[PDB]
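Peer 1: Here is my input; please provide its structure:
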Amino acid sequence: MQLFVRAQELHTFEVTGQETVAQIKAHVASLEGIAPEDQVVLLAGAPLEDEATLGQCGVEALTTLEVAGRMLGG
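Peer 2: Numbers count the residues shown, from 1 in each chain. Find the structure here:
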């Protein structure tokens, strides 16, 4: 299950399907050296919930999710 995640740099990710949005954040956060707390994932613009999986979001492969800075934490 290979899909694209558009950060400041475009990256590609092979995901488990039961991959959470928090895991998507963690993957791209490790690449960019940033915090998964300092970002949110948008399915074609739609704000995906951290604890929800890609299956629960209803997103498949060959899709482009985008990372925006709308978060920090507390």
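Peer 1: Report the backbone C-alpha coordinates of the helix or strand containing residue 65 in PDB.
Peer 2: Take DSSP states H and E as the rule and residue 65 turns out to sit in strand 64-68. Presented in PDB, the C-alpha positions along strand 64-68 are these (Å, rounded to 0.1, in the frame of the first residue of the first chain):
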ATOM      1  CA  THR A  64      -1.700  12.200  -1.700                       C
ATOM      2  CA  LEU A  65      -2.100  13.200   1.900                       C
ATOM      3  CA  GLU A  66      -0.600  16.700   2.900                       C
ATOM      4  CA  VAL A  67       1.100  17.800   6.200                       C
ATOM      5  CA  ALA A  68       0.200  21.400   7.500                       C
END
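Peer 1: What pairs with that strand, parallel or antiparallel?
Peer 2: Sheet pairing of strand 64-68 (DSSP bridges) gives strand 2-6 (parallel), strand 40-43 (antiparallel).
Peer 1: Just put those in a markdown table and tack on mean neighbour count and distance to residue 72.
Peer 2: In short, each C-beta sits where N, CA and C put it, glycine included. Output for the strands paired with strand 64-68, formatted as a markdown table (neighbours: other CB atoms under 10 Å; distance: least, CB to CB, whole Å):
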| stretch | mean neighbour count | distance to residue 72 |
| --- | --- | --- |
| strand 2-6 | 16 | 20 |
| strand 40-43 | 20 | 11 |
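Peer 1: nearest to residue 12, of the ones you listed?
Peer 2: strand 2-6 (5.4 Å; CB to CB).
Peer 1: Can you point out the buried residues in the helix or strand following the closest one?
Peer 2: Heading C-terminal from strand 2-6, the first helix or strand you meet, by DSSP H and E, is strand 10-14. Applying a neighbour-count criterion of 16 or more other CB atoms under 10 Å, one finds residue 13 buried in strand 10-14.
Peer 1: In terms of secondary structure, what does strand 10-14 contact?
Peer 2: strand 2-6, helix 21-32 (3 or more CB pairs under 8 Å, 6 or more residues apart in numbering; DSSP states H and E).
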